[PDB]
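Okay, structure first, notes after.
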2 protein chains.
Amino acid sequence: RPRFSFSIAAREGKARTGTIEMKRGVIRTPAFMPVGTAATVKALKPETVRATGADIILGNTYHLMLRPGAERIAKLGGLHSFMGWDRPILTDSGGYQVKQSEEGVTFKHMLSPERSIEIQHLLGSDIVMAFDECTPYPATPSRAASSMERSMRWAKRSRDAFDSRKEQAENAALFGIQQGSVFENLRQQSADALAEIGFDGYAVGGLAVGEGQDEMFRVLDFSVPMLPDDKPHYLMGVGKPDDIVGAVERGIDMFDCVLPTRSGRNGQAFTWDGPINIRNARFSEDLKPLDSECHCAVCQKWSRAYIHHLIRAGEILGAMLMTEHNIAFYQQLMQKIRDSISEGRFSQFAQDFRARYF
Amino acid sequence: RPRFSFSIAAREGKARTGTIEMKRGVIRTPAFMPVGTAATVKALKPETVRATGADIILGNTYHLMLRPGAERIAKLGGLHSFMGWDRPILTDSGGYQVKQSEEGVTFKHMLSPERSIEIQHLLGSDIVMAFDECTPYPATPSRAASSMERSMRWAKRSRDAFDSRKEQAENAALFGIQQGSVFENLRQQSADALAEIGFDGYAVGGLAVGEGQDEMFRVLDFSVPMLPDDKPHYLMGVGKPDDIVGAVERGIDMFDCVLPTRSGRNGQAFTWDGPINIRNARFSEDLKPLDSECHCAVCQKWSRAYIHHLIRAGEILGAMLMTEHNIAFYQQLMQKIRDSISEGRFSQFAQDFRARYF
Ligand SMILES: CNc1nc2cc3nc[nH]c(=O)c3cc2[nH]1
Ligand SMILES: CNc1nc2cc3nc[nH]c(=O)c3cc2[nH]1
Ligand SMILES: [Zn+2]
Ligand SMILES: [Zn+2]
């Protein structure tokens with residue numbers, strides 16, 4: 001397999017379906033990446049994660065740079081070996097979860113573009129995120145521009161730190177991140193700068209930070225066409241199933257979110273009829289599975305009623321089952337999306353989905 | 001399969017190895033029963049429990065009689081269907097975890113022999129425990145005798161409540177429980193009363209309540225020979241691996257304990273070299289599996305170092321992996337015990353085990 005090769009197999013409007021080939025495996029796009037916070041996709045064995053259909057996971061950098069520390073994980077053979085996931089891993093830069101200066105950030109420890117790229121290397125990341133600044137929402141145009149310009153400078157620093165490590169450069173990919181808040185001209189200048197630097201992929205940063213779905217979609221409308229067509233488009237931190245469907249309709253290829261895991265643990269189950277909270281007393285004697293159509297193992301063997309009991313009782317198996325279901329649901333969503341694009345009926349899928357989901 | 005048939009295949013001294021055949025499956029003896037507290041073996045899917053080698057589990061009655069309630073579980077199809085374990089289940093009487101009278105116990109609700117047997121029926125238990133009184137330790141001879149006599153009266157009540165329900169009588173088994181504290185004459189009178197009533201199996205109650213291993217073994221020395229030879233002997237709530245080995249040497253066939261699950265969750269891993277606490281910093285970079293010889297999936301794929309990280313971080317996968325390992329270890333212990341008895345080298349196994357374990 002090549003280091004990185006993104007190929008688009010089919011299109012419908014702005015939507016695309018295809019594959020990213022990497023040394024550690026193939027990634028079907030549009031892709032959902034389950035989130036590994038501290039070297040684990042919470043409450044799931046990696047083989048379970050794979051079984052749900054995930055091709056790649058996101059490893060959070062922030063907690064692991066703390067403990068056990070990037071250097072220790074490197075000593076132990078890297079993140080893949082440590083956690084037992086042998087397929088691609090996208091690592092974030094660790095800066096989003098974190099004294100600000102042009103050099104980088106210091107916190108209660110200094111994190112700069114260079115250190116970030118180094119930590120992602122020590123972890124053995126397949127897809128490395130440039131180190132940026134996620135502009136708070138709302139932002140004045142001046143602040144958004146200052147923030148964006150700093151991010152582009154840090155993007156160039158990222159690129160050069162990555163490229164100055166031959167094993168990283170040869171075996172991993174680097175994604176750049178677009179900023180600009182909700183301002184079209186800043187988004188354009190940022191797309192321009194990132195393309196000039198050149199990356200393997202382009203994320204749309206700065207969204208899903210409180211602007212709400214209408215505003216996010218309005219920004220995506222003009223921002224995604226500004227990115228190189230021939231590379232993957234990653235919408236960081238999104239999101240709800242409906243967010244994902246609209247974002248694919250606007251050209252996004254990749255997604256990550258804690259919603260399916262975190263909200264699973266809290267009792268929220270995704271269904272094609274919309275989300276349910278399994279702790280509600282209405283499920284105490286409901287022998288139906290979480291969802292009527294879901295093909296996951298949880299829906300094949302256990303009832304709402306049992307999972308209701310488990311979550312109410314604080315039992316770990318409740319977290320395990322809810323999470324497996326929710327990640328499986330997300331993967332089934334992405335599969336339906338890929339299939340519908342491949343078959344030229346994605347617009348109809350999107351309408352049908354929303355009608356039933358709501 | 002018959003309702004209940006215990007057959008002894010081999011002996012060495014007081015030790016026995018054999019099988020209990022029941023409608024829902026075969027139980028290899030000496031047997032360890034993982035504990036299901038509230039319709040779950042904590043942090044494990046039933047298929048994982050089975051995979052470790054368990055033939056039967058113990059379902060705690062106390063929490064489930066609370067919520068969801070025995071009646072609701074019966075409505076939902078019984079405990080086996082609810083939790084997804086289709087093999088035998090031994091249910092306790094619910095009284096041990098719980099205003100005392102000859103009628104039964106009231107608590108913050110009244111539990112009597114009759115209600116207990118009824119709840120175990122509603123749950124659909126394969127092996128039903130008579131409702132007793134576990135005499136506190138230490139106990140004066142007068143108190144121990146009063147307690148024991150009450151338990152024998154409740155044992156007769158148990159027997160008759162069980163027998164007065166035809167589907168229970170036809171499809172499940174009933175075990176009686178011996179009391180008498182540490183007094184040989186009371187233990188004898190209790191064995192006598194239980195045999196006169198007649199049960200499918202006989203538990204040694206009243207131990208593992210603070211008397212310590214020497215005293216427990218001294219009591220077992222005289223108490224187990226008092227029970228019918230041709231029925232299984234169950235030592236309730238035991239125990240540590242060394243406790244189990246000595247108890248088999250004294251004629252016990254069945255065991256349950258929360259140590260492997262509960263202590264697993266707390267960081268304690270059982271090894272043939274003795275238990276370890278994985279949170280100790282000595283394991284932070286130890287790439288060895290929990291145990292050098294263990295055949296479990298956890299030891300096949302993950303390091304001490306990773307599990308160390310997981311437990312320190314409070315991650316659910318840490319509970320999952322520690323528990324699977326520990327239950328697998330317990331099952332491997334019982335297998336070694338069965339094999340050594342079958343081969344007439346159990347006494348040597350016991351010595352070798354203790355030498356290395358300590
Ligand atoms: C959950 N929403 C959300 N998670 C994000 C992570 C991010 N990382 C780097 N850069 C970002 O702009 C950024 C924006 C984000 N929004
Ligand atoms: C953990 N020790 C322990 N768990 C027990 C459960 C019991 N149940 C019924 N009757 C008992 O005598 C009894 C004794 C016990 N000791
Ligand atoms: Zn499902
Ligand atoms: Zn093991």
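Convention: sequence-line order gives letters A, B, ...; per-chain numbering from 1. Order of listing sets the numbers, starting from 1, for every ligand and every atom in it.
Look at A:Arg356 and A:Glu293 and you find a salt bridge, because one of the NZ, NE, NH1 or NH2 atoms lies within 4.0 Å of a carboxylate O, short of that distance. Between A:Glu215 and A:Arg218 a salt bridge is recorded (basic side-chain N to carboxylate O distance below 4.0 Å).
Any N or O atom pair closer than 3.5 Å counts here, and A:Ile177 shares no such pair with ligand 1. At under 3.5 Å, a nitrogen or oxygen of A:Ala208, whether backbone or side chain, sits near a nitrogen or oxygen of ligand 1. Where the criterion is an N or O separation shorter than 3.5 Å, residue side chain and backbone included, A:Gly206 meets it with respect to ligand 1.
Centred on the Zn ion (ligand 4), the SG atom of B:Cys299 and the SG atom of B:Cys294 lie at an angle of 110°, reported to 10°. Geometry at the Zn ion (ligand 4): ND1/B:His325 and SG/B:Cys296 form an angle of 110°, nearest 10 degrees.
Between the side chains of A:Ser125 and A:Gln120, no donor-acceptor pair of N or O atoms lies under 3.5 Å. Defined by atom type and a distance below 3.5 Å, a donor-acceptor pair is present between the side-chain atoms of A:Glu133 and A:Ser147.
Going from atom OG1 of A:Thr91 over to atom CG of A:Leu64 covers 10.0 Å, rounded to the nearest 0.5 Å. A distance of 11.0 Å separates CG in A:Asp92 from CZ in A:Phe131, rounded to the nearest 0.5 Å.
If you look at A:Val209 next to ligand 1, the close heavy atoms, those under 4.0 Å, all belong to the side chain. Contacts between A:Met129 and ligand 1, counted as non-hydrogen atom pairs separated by less than 4.0 Å, are absent for every part of the residue.
Every residue meeting the salt bridge (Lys or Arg N to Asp or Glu O under 4.0 Å) condition with B:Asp55, not counting sequence neighbours, appears here in chain and number order: B:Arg28, B:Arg50.
Atoms of ligand 1 found under 4.0 Å from any heavy atom of A:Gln179, numbered from 1 in the order shown, are 10 (N), 11 (C), 12 (O). For ligand 1, the atoms lying closer than 4.0 Å to a non-hydrogen atom of A:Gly237 are 1 (C), 2 (N), 3 (C), 4 (N). Per-residue contacts place A:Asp132 under 4.0 angstrom from the following atoms of ligand 1 (heavy atoms of the residue considered): 9 (C), 10 (N), 11 (C), 12 (O).
The option with the heavy atom closest to atom 14 (C) of ligand 1, from among A:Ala130, A:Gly95, A:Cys134, A:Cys257, is A:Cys134.
Within the structure, ligand 1 has A:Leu207 among the residues with a heavy atom less than 4.0 angstrom away.
Listed by first and then second residue, the salt bridge (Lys or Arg N to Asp or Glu O under 4.0 Å) pairs involving residues 329-339 of chain B amount to none (not counting sequence neighbours).
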